[PDB]
Amino acid sequence: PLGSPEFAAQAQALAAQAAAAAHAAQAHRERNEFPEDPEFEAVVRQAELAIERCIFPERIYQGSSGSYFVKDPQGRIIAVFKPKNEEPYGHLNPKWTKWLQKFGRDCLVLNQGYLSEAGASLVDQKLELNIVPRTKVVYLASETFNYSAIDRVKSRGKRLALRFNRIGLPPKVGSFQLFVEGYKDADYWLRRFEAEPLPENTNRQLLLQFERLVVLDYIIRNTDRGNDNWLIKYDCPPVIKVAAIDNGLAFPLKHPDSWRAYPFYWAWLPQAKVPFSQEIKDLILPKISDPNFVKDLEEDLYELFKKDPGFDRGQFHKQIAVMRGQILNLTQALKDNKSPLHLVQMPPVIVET
Amino acid sequence: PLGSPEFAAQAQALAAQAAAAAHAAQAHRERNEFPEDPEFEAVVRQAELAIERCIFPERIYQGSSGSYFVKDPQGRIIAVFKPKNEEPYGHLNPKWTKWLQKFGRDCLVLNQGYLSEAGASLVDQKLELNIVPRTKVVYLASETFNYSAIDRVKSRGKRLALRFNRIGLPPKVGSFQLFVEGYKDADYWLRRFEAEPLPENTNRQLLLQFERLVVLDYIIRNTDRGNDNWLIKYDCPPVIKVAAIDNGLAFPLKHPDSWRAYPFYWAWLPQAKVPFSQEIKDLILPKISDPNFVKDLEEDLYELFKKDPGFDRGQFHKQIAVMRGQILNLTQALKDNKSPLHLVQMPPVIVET
Amino acid sequence: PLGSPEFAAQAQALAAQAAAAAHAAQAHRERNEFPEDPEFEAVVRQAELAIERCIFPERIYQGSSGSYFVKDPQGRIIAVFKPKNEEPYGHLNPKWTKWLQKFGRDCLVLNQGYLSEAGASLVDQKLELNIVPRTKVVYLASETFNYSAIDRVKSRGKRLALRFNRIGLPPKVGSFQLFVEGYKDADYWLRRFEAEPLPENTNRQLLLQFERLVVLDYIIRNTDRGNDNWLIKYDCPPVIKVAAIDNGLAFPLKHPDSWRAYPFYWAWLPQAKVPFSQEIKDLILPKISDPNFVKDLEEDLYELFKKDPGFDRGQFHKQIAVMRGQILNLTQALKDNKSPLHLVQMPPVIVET
Amino acid sequence: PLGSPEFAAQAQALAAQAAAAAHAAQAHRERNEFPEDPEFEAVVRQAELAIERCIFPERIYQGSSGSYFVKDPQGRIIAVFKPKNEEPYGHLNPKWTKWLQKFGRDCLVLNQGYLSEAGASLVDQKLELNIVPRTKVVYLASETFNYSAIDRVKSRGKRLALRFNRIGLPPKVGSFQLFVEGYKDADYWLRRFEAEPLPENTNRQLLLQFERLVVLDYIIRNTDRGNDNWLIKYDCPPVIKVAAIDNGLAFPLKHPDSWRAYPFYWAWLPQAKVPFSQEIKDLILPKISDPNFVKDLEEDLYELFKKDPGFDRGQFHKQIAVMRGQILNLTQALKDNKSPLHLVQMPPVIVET
Amino acid sequence: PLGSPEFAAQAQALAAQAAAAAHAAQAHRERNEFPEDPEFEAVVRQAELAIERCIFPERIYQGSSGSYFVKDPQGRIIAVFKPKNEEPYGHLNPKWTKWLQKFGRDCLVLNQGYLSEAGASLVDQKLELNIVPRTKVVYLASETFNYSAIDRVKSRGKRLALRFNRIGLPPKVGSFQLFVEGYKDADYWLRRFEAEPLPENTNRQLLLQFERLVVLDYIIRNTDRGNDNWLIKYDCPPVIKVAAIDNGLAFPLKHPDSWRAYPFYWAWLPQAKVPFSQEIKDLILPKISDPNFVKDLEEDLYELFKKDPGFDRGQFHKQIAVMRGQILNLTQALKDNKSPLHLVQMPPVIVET
Ligand SMILES: Nc1ncnc2c1ncn2[C@@H]1O[C@H](COP(=O)(O)OP(=O)(O)O)[C@@H](O)[C@H]1O
Ligand SMILES: Nc1ncnc2c1ncn2[C@@H]1O[C@H](COP(=O)(O)OP(=O)(O)O)[C@@H](O)[C@H]1O
Ligand SMILES: Nc1ncnc2c1ncn2[C@@H]1O[C@H](COP(=O)(O)OP(=O)(O)O)[C@@H](O)[C@H]1O
Ligand SMILES: Nc1ncnc2c1ncn2[C@@H]1O[C@H](COP(=O)(O)OP(=O)(O)O)[C@@H](O)[C@H]1O
Ligand SMILES: Nc1ncnc2c1ncn2[C@@H]1O[C@H](COP(=O)(O)OP(=O)(O)O)[C@@H](O)[C@H]1O
């Protein structure tokens, strides 16, 4: 039926279902479905429920203006949410970037903080580090988010969607990180471990966790890690855990012009001088020294980063070339028993494919 | 010294002081000075003080999204504030209006609500009606106003102005109306005065006040007056007062295309059938039937409306021509003992100068 | 003679001499005259002489591509020269910057490295620190500088200027820093002073010099100071000196978005914990805590920065506002006997005029 | 399978391999492969090797700025290299040429010197003259070539390509001519042969070689042949050879507006008055008087000239029409025993197809 | 007071009165004042009066769509009115004409019919022919004129101008010709004078009038004169008069490309063969053969033609150059006793100044 009526009708059968698919693409996303992580999805529903019951997320007070504590219906904090459009450069949406170079000193893509934040968690899972609290790209609407004058007015009138859904403020895409309880700024503890040293067993545990922090921040080439930016939880009577929490400024697209800019602040710690353990070597080497893993990782990141209205395939290859070079350095340092300090001293490399 | 060095230096003496004047024009305005109404200025300082002490204005809950209850340092409400840029059409700032007609059905200027609001009070004062609570154009900055992502971030860092003023969020221009206490929606009372009629003396007082409402709304050709939009205060053991409160949609630039659109809802009330009193006649006629008063009024409005970044001298003349025609009708109705109802039935007139 | 022939001829007398002045503006500059520093001028002539005798400046081998060792006619190094147009972003000359924001994460002006470099020396002199080797804006032409294909060809033919000057390659504007002899990377010594501590008197001298480094880098808010970027000279049988040498990335126009970015690497040294001395206090406070000095400094920088084809008065005020805030912090820390470490911990401030 | 899944997968099998082909087109070229001339390829590898070992090509001192002596790893000169982008008009790359006429006096294409240079050698081979030293289009990267500021900086960081190739400065396309040893400027010898005449046998040999020069320069309508521009090698105890070396200004697209412009300087020599030999007639006539040879030649040149980013099919036909007219004149002169002098006196002809 | 306050106030005294003058320029014109012809003005008032009393001008039925019979308040016809904007090419008002040639076959200016019509009458008066009924440029508003949808709607609402004038439909500029009574198409009579010849005295009178028609049409180079286009009035018991009535297609800006195009249809009449009389010679020669008269005429036309929004000084000089050439021919023919027929046979001349 290459030129038949039967086929002409088959082609319209596809044309109308493909046009319906594209109409229902925004609502499908905003449904926040995670077949792969039912546990994360449940948290999101708790967040949605709380909002219907008018227990809203609240701005983090001394934080940057664009991040909120998501609460459950009981008032407990359950997540940190950071909307894309409330990021520093969350304006200038009409891609202007291609007119700009057809630059520059800046080495991060303009408005993809939430993606960096989500990418970190992704890298974490694939590497099995379990230090970044599960964070994913989520849509949420709430009175307390920063909307424009028009959005706020346009949302007064009663609106229904047609399965008769009420519509309020538009949902915001953002990163949604599981909230972890009882941690403090890493430096608070590290200086306390300077007066009281820890028992050796606990200290061995701290270092094991620290190595995972180092691996994560190095592969994603985090741009903004201080010693207040990662967290340690220690309860005396005896576990110690680190959480990597603020990962919105990673995945750069080139190494910084100056090597002095954007240091990894954990490199000045004494912990950084301790050679990589055997444990970290056989958790990480079987992975990063296999092209298929790195291929698979790169495809995963591609999937995640595609989401963005401003995604640029050119930029993405630059991002992956940087990360490839980081993986390469890490492999060597892992093989030759180097320490985190030696690792950060290796010269930046780019690997083009 | 027509071409001398003495004059050349005199000319630079003016050129640098004129350039300083223009640099300091925004800070001068944002200082909110009212030599003419020291009482109003004091209220504003109370509002500024409360904000420094972190008692912020709060959104009016069931109102439109862009209006706030300004509180004093004790928590009492002292004003209603409505920022220009939080009005419905408070975007599209780059005047695009001239490219648009070089249209249309719309009969109000795009983003001058606060000016209408302030103009009402101005007309009120000049006419000596005392029904609009004193409202003026004021600048205010506060955490609870709707700022953009960038403004909120840009304001984290410590900024000083050089007399070392701290700088937080940018001040917003808006209308600042004195808050009046113990009124209810006009219809709440009017229907209660339908079961209980009032004692005749009080009723005479209500009508006297009502006539002033009618005069005000007619001269400014209010577009949006319901019987919930004006307020009556009545305390039994015996005064009755009206307040005209929501005047953001007045001063149109042409009469509505249809006469049925935008009625004055008070015209359906029985009160509207009562002929104008003598009292209102000799309060209003000595004024509006004298070209100098109307000239002086027009100059005052010009002064106030100039303030706006988008002010258009063309539009302004259209606004004044409408108001001139309203004044003209009002004069006749005032002379011939017509009622508010007859007045609103007269045909719309425009008076071009 | 306000409309006379005498004046008409006087006006043409000015019009032709003003047009000659503008023709001869480039040649006047390229003459490299320094009435204020005859000693510096002499060095420049030695540099010019060496070039005529075909002893050329040579690229600094492991340095960035745009810097040269200027040699005298005997082959000794006498200066470091860094051409404007060989800086990283030394292309994109047609100011495009105003079309770009009418952005961004970048906090340095695009192509003014040589100006930062010269500004450092300027600040140094005015403050009387004597740690930056005298560096100024100089023009030089040489075979070994990076010219374009056209410049190189266009310069084959014999060209004379009319006082019959030969013309070769076009002179390049750049920064010209006096070369200092016998220093090493600051970290080379600092780690040697970790094994051998110094005699206390010498150590007191090191610290005195260090404080001057701290003052300089803080006021110009250097963006790129490591502990390899400044130099210490120590000859045992007993003086010790610091030189501040690589100052091309200073004078930013806003504080960095993240406080973690661009640290002052000397803040992690133990020397940084030592409270400011009395000596530094009465060298620096009588100066920076007097508005006229700061006014005079700001005018000097204005003079220097004007030179640039891309100078922007808007950017310049941003640069001065940052530096004003740095001065302000420094003053406090100087008054309250704080250390360099405490100083760098103070929050970034901007001071707008 | 005209609309099958099998074919849809076959079509994607081609679409991805065609997209890979286009990605790997630049690296394929820069690999400098010459299956047809293994001997030339070997020289190129020697050149590449020398560069890795840091024995760089060096600018020809009294030559034009864009030509280099390529050295082998032992320091012997092995080639002359002339980069495209270092030619006089090697800027203005964004084809502007079509906007210019939709002109002019100029009769050479803008930036195809290296192509003229390579085309000469091509014509030489096909004609079997063996006077142009084998020259081809080659890519080379080297510190000593004229790169831009950005290229030089961008190349500091370590870059790998993925078969893990290091990347330094970008390779430059250019012409790569085999270096020939022991020749002098043709005029040096010709004036020496004016005092000492040569033995008749050697002189017969010189003339035989000269005729080949004449044939070559005439068919490619060289624009820039002096008597210093071609070379003679003569070693007394007895061979004599000519080399045609500087062929970057040939293959014009129209005859010069004036016949007096661009002469062939060898036409004023006495040698030019000697009638064409029989030897040259039966080497050249069986070739140029056969449409298939001329068709085949034209296709070869097309192949070579296509390479260029700025190739224009319009210009190319103009180039071939000129050369066709030259071939036509040459044929006549060859048939009628004319001399080089008579040949150059014939009127310029164009032959359009 | 060359730079005094007295003069600064004098300059504002002029600036405000000059701005008032320009505001009141349209209303001044639309007042239709004719101090020079009080008799014509009176007719216009009768026309205005009739319109107020709702006796409207009516479209001329078999005429072109843009002409009306103006009636007095009694219903008698008193004028013919032809609005500018109801002419054939009365659209395309935004001068596009200059973009068009920076053409063409067309030899009349685009939209100046009413001006031609008024110019004819002007030429008539100055020449003292008295055959064109007094026609001038007049403004009139009426329901029966062709207005646009918007004008018709915009005029429903009551509008006043401030001396409280009512405003209805906008006045139209047009030509206003006095209506003459009892004429017929010239050909109706001419063919009747072919059967009945006239008494010789009357015939002498006809010819005298005819000569004046010829003079008029020739000097203005009428483009559209048939023998139905001019009128003869003859009442038997004995005067005969001609009226020249339809003069909207005159004053061309170049002679027609073909001499056969646009003939003067009266040239085929036998009357045209009669030599010019003495009477016409001493009425017309003392005038047109004197440069001052022709200068004065040209200035008058300039005055009249300036009125038009689309007036072009370039076109006007072309119009005058044609008319100068016509005057020149006419003079000769007048001097040498030629007839109208010989006159029209003379070759077209242009006279440039
Ligand atoms: N997943 C998390 N669980 C618990 N606490 C968190 C988490 N993420 C952030 N926080 C805490 O809340 C604050 C959030 O700030 P951060 O994540 O740095 O973003 P921002 O600086 O943009 O506000 C931090 O001070 C940190 O102590
Ligand atoms: N000056 C005032 N004094 C006291 N109450 C006021 C005043 N202005 C408004 N209100 C009350 O607060 C609410 C403010 O809403 P309104 O002024 O209509 O603006 P919006 O509808 O934009 O919120 C009204 O419901 C009214 O009852
Ligand atoms: N004024 C100076 N006197 C002596 N040595 C210098 C001077 N300036 C720089 N140097 C030395 O030469 C090198 C120049 O590099 P630097 O000034 O950092 O610029 P870049 O990094 O752009 O080459 C440094 O390694 C430093 O050791
Ligand atoms: N293939 C070659 N073999 C040997 N010497 C050459 C060759 N090509 C050029 N030369 C010599 O080196 C110089 C190169 O200059 P030339 O080829 O004319 O180009 P340019 O004039 O652009 O430098 C010439 O003076 C010539 O003597
Ligand atoms: N001034 C006038 N007096 C009397 N009748 C006139 C006058 N002008 C025109 N007419 C008559 O009315 C008609 C008007 O048409 P005309 O003037 O030719 O313009 P159009 O052809 O554009 O309608 C003519 O047929 C003519 O007979």
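First to last, the sequence lines map onto chains X, R, V, A and C. Quick note on numbering: the first sequence equals residues 71 to 172, 179 to 238, 247 to 321, 338 to 453 in PDB author numbering. Quick note on numbering: the second sequence equals residues 71 to 172, 179 to 238, 247 to 321, 338 to 453 in PDB author numbering. Quick note on numbering: the third sequence equals residues 71 to 172, 179 to 238, 247 to 321, 338 to 453 in PDB author numbering. Quick note on numbering: the fourth sequence equals residues 71 to 172, 179 to 238, 247 to 321, 338 to 453 in PDB author numbering. Quick note on numbering: the fifth sequence equals residues 71 to 172, 179 to 238, 247 to 321, 338 to 453 in PDB author numbering. Where is the CB? At the ideal position from N, CA and C, for every residue including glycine.
For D301(R), the CB stays at least 6 Å from every heavy atom of ligand 2. Under DSSP, the beta-bridge partners assigned to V449(X) are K234(A). For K165(C), the closest Cβ of chain R is not nearer than 7 Å. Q289(R): not part of any beta strand (DSSP E); member of the alpha helix (DSSP H) spanning 284 to 303, first to last residue. Environment of ligand 4, chain-ordered: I130(A), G133(A), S134(A), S137(A), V150(A), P209(A), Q261(A), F263(A), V264(A), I345(A), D346(A), taking every residue with Cβ within less than 5 Å of a heavy atom. Separation of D436(A) and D301(A) (C-alpha to C-alpha, rounded to the nearest whole angstrom) is 20 Å. When DSSP states are grouped into helix, strand and coil, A83(X) belongs to the helix group. Between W366(C) and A344(C), the C-beta gap is not smaller than 7 Å, which leaves the two residues out of contact.
Neighbours of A225(A) in chain V, taken as residues at a C-beta separation under 8 Å, are given in chain order as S135, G136, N155, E156, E157, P158, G160, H161, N222.
Annotation: the continuous alpha helix (DSSP H) that includes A112(R) extends over 108 to 122.
Taking the Cα positions, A117(A) is about 18 Å away from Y190(A). Cβ-Cβ separation between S137(C) and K152(C): approximately 5 Å, consistent with a contact (criterion under 8 Å). Excluding its 5 nearest sequence neighbours in each direction, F263(A) has C-beta neighbours in its own chain below 8 Å: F139, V140, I147, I148, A149, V150, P209, listed in chain order.
For the pair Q171(V) and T167(C), the Cα-to-Cα distance works out to about 39 Å.
Comparing alpha carbon positions, the residue from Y131(X), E284(X), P75(X) closest to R232(R) is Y131(X). Across the set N155(V), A86(V), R247(V), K165(V), the C-alpha of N155(V) shows the shortest separation from the C-alpha of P255(V).
The straight-line gap separating the alpha-carbon atoms of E399(R) and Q144(X) is approximately 59 Å. In the three-state DSSP reduction, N249(X) falls in the strand class (E or B). About 11 Å separates the beta carbons of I316(V) and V339(V), which is beyond the 8 Å limit, so they are not a contact pair. Assigned with DSSP and collapsed to three states, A343(V) falls in strand.
Taking a 10 Å sphere around the C-beta of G180(A), we find fewer than 16 other C-beta atoms and assign the residue as exposed. Counting along the chain, the unbroken beta strand (DSSP E) around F260(C) starts and ends at 256 to 262.
If you check each beta-carbon in the region 259 to 283 of chain V against every beta-carbon of chain X, none falls closer than 9 Å.
Per DSSP, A367(X) lies in no beta strand (DSSP E) segment and is marked neither H nor E.
Contact check for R360(X) against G310(V) passes: the beta carbons are separated by less than 7 Å.
Membership of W314(R) in the beta strand (DSSP E) is indicated by the continuous run 314 to 318. Around the beta carbon of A225(A), a 10 Å sphere encloses 16 or more other beta carbons of the protein chains shown; the residue is thus reported as buried. For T211(X), the enclosing beta strand (DSSP E) stretches over residues 211 to 216.
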